[PDB]
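**Q** Following this message is one structure expressed as structure tokens.
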2 protein chains.
Amino acid sequence: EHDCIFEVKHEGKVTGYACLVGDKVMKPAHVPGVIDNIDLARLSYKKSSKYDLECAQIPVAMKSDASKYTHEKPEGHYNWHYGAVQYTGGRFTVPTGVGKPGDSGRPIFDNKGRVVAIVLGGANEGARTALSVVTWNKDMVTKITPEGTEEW
Amino acid sequence: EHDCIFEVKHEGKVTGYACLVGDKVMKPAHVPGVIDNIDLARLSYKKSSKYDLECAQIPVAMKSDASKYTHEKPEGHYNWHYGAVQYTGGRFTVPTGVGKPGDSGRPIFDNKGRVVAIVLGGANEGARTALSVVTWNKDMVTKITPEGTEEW
């Protein structure tokens, strides 16, 4: 279902997205640019290149309109802004030809309607493709990045 | 009816408006930040802190798209961007509520469309509040702030 998620643009084009996950505001750091909204970008965030997350806290009304997350992921079927995604064996996976370079940051929802993780693109096959994600393992962050692919 | 011309933006956000009268461009002086319309911001603004006005004179380019003004005023009731306004004893008691900070520079329009005054703030001992006004009468620019003026 449709909601509000801000987006970073660069010089008359688009380069990806940046989300408002509940308690903080955050974005990937592998794509350059500044958020469109001036009161969500002019502040000073904190950056870590080893996990590629740029994060800080939210203003007050932008806190009043937020999202809601979860700290686990069970095996089953999910949906995202392009379609459906199967998660099993530690693998979110989608068909081929369902994205373009520059969609890194669209959130992924569970069945109940809460955000489970974020996306970093990056997987290929001559059939249904995999994902590369950054997720929350019981109040602490971890990464998932299958080999063979670059930062799509 | 109404006009919607020549606002001001600063630091991504806005800081109100500024209106042009038959020959010159006025702006309330106490607010920071400069105008966005690059054809106007090329000028040199006369800054009188004692009367709180910014007083550049316009070039002849958009001088054909100017406004209409006057300096004669009977008692009665006028209209502006946030509703109606009443003129008694000089002071402008508005049907109220819609005022805010930040949006000083809203000019005051009469029934016959001619510009009669601009605004500089509010002051409110209950309903139908009496705002502050920059105005003029027969070559004399006056600043009329009634009492305890909320500095917009």
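How things are named: the first chain in the structure tokens is A, the next is B, and so on; residues count from 1 in each chain; ligands count from 1 in the order shown.
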Show me, as a PyMOL selection string, the residues of chain A whose atoms get within 10 Å of chain B, using only C-alpha atoms for the distance check.
**A** chain A and resi 36-39+42
**Q** Export C-alpha atoms of the chosen residues as an mmCIF file, in the first residue's frame?
**A**
data_model
loop_
_atom_site.group_PDB
_atom_site.id
_atom_site.type_symbol
_atom_site.label_atom_id
_atom_site.label_comp_id
_atom_site.auth_asym_id
_atom_site.auth_seq_id
_atom_site.Cartn_x
_atom_site.Cartn_y
_atom_site.Cartn_z
ATOM 1 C CA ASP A 36 14.996 16.577 -1.516
ATOM 2 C CA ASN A 37 13.448 17.836 1.730
ATOM 3 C CA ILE A 38 15.506 20.634 3.251
ATOM 4 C CA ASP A 39 14.512 19.940 6.865
ATOM 5 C CA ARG A 42 20.389 20.011 6.412
#
**Q** Report as a PyMOL selection string: the residues of range 28-92 of chain A with a DSSP assignment of helix (DSSP H, G or I), based on the backbone of this structure.
**A** chain A and resi 38-40+60-64
**Q** Write out the residues from the selection above, keeping C-alpha atoms, as a PDB file, in the first residue's frame.
**A**
ATOM      1  CA  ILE A  38      15.506  20.634   3.251  1.00  0.00           C
ATOM      2  CA  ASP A  39      14.512  19.940   6.865  1.00  0.00           C
ATOM      3  CA  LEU A  40      15.455  16.263   6.582  1.00  0.00           C
ATOM      4  CA  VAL A  60       9.476  16.497  15.723  1.00  0.00           C
ATOM      5  CA  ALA A  61       6.549  16.565  13.245  1.00  0.00           C
ATOM      6  CA  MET A  62       8.489  14.273  10.947  1.00  0.00           C
ATOM      7  CA  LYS A  63       8.648  12.058  14.025  1.00  0.00           C
ATOM      8  CA  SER A  64       4.877  12.397  14.409  1.00  0.00           C
TER       9      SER A  64
END
**Q** For residue 66 in chain A, list every protein, DNA or RNA residue within 10 Å, evaluated using only C-alpha atoms, and leave out those in the same chain fewer than 2 positions away; present the list as a list in words.
**A**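 Counting only C-alpha atoms, the residues come to residues 4, 5, 19, 20, 21, 22, 23, 24, 25, 58, 61, 62, 63, 64 and 68 of chain A.
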**Q** Could you name the residues that touch residue 139 in chain A at 10 Å or less, counting only C-alpha atoms, but leaving out those on the same chain fewer than 4 positions away, as a PyMOL selection string?
**A** chain A and resi 70-72+135
**Q** Just the residues within 8 Å of range 109-125 of chain B, please, counting only C-alpha atoms, with nothing from its chain fewer than 4 positions along; format it as a compact mmCIF listing (two decimals) with N, CA and C atoms, in the first residue's frame.
**A**
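As a result, selection_4.txt now contains:
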# COMPACT_ATOMS: atom_id res chain seq x y z
N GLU B 1 -9.49 39.99 -7.96
CA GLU B 1 -9.72 39.40 -6.64
C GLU B 1 -8.47 39.49 -5.78
N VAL B 21 4.93 47.87 -4.92
CA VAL B 21 3.95 48.92 -5.07
C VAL B 21 4.32 49.67 -6.34
N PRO B 28 9.54 43.82 4.44
CA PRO B 28 9.78 44.07 5.87
C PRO B 28 11.23 43.77 6.23
N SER B 67 1.42 46.65 -9.60
CA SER B 67 0.18 46.61 -8.85
C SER B 67 -0.53 47.95 -8.94
N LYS B 68 -1.63 48.08 -8.20
CA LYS B 68 -2.38 49.33 -8.08
C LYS B 68 -2.44 49.74 -6.62
N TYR B 69 -2.30 51.03 -6.34
CA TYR B 69 -2.24 51.49 -4.96
C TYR B 69 -3.02 52.79 -4.80
N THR B 70 -3.01 53.31 -3.57
CA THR B 70 -3.75 54.51 -3.19
C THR B 70 -3.27 54.95 -1.81
N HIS B 71 -3.79 56.09 -1.35
CA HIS B 71 -3.51 56.52 0.01
C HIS B 71 -4.72 57.14 0.71
N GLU B 72 -5.91 57.03 0.13
CA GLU B 72 -7.11 57.58 0.73
C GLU B 72 -7.96 56.44 1.26
N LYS B 73 -8.49 56.62 2.46
CA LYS B 73 -9.19 55.51 3.09
C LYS B 73 -10.31 55.99 4.00
N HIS B 77 -14.71 47.99 5.77
CA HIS B 77 -14.22 46.63 5.89
C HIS B 77 -13.52 46.23 4.60
N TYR B 78 -12.32 45.67 4.71
CA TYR B 78 -11.52 45.27 3.56
C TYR B 78 -11.28 43.76 3.59
N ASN B 79 -10.49 43.27 2.64
CA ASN B 79 -10.23 41.85 2.52
C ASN B 79 -8.77 41.59 2.15
N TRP B 80 -8.25 40.46 2.60
CA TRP B 80 -6.85 40.12 2.38
C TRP B 80 -6.72 38.60 2.29
N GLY B 99 -3.58 34.18 11.35
CA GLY B 99 -2.25 34.74 11.39
C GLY B 99 -1.23 33.75 11.90
N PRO B 101 3.45 33.38 12.57
CA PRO B 101 4.77 33.97 12.37
C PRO B 101 5.25 33.71 10.95
N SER B 104 4.89 37.78 7.50
CA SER B 104 4.76 39.22 7.36
C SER B 104 5.19 39.66 5.97
N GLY B 105 4.55 40.72 5.48
CA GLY B 105 4.70 41.16 4.11
C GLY B 105 3.43 41.04 3.30
N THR B 129 -8.59 40.27 16.63
CA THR B 129 -7.34 40.88 17.08
C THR B 129 -6.91 42.03 16.18
N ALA B 130 -6.14 42.95 16.76
CA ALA B 130 -5.66 44.16 16.09
C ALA B 130 -4.18 44.00 15.79
N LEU B 131 -3.85 43.91 14.51
CA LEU B 131 -2.49 43.69 14.05
C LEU B 131 -1.74 45.00 13.91
N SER B 132 -0.46 44.89 13.57
CA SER B 132 0.39 46.03 13.28
C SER B 132 0.52 46.20 11.78
N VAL B 133 0.77 47.44 11.36
CA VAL B 133 0.65 47.81 9.96
C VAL B 133 1.72 48.82 9.60
N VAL B 134 2.39 48.59 8.48
CA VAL B 134 3.10 49.65 7.79
C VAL B 134 2.19 50.23 6.72
N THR B 135 2.09 51.55 6.69
CA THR B 135 1.20 52.24 5.78
C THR B 135 1.74 53.64 5.55
N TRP B 136 0.95 54.47 4.88
CA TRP B 136 1.38 55.81 4.56
C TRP B 136 0.16 56.67 4.29
N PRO B 146 0.19 48.83 17.79
CA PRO B 146 -0.69 49.30 18.87
C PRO B 146 -0.16 49.12 20.28
N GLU B 147 0.06 47.87 20.72
CA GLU B 147 0.47 47.52 22.07
C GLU B 147 0.89 46.06 22.08
N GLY B 148 2.02 45.78 22.74
CA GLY B 148 2.49 44.42 22.97
C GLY B 148 2.53 43.56 21.73
N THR B 149 3.12 44.08 20.66
CA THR B 149 2.95 43.51 19.33
C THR B 149 3.73 42.20 19.20
N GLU B 150 3.02 41.12 18.89
CA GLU B 150 3.65 39.84 18.57
C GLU B 150 4.52 40.01 17.34
N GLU B 151 5.83 39.86 17.51
CA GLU B 151 6.79 40.21 16.46
C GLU B 151 6.82 39.08 15.44
N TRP B 152 6.00 39.21 14.40
CA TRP B 152 6.03 38.29 13.29
C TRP B 152 7.24 38.60 12.41
**Q** So what do you get for CA of residue 53 in chain B versus CA of residue 98 in chain B, distance-wise?
**A**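 We find that CA of residue 53 in chain B and CA of residue 98 in chain B lie 23.7 Å from each other.
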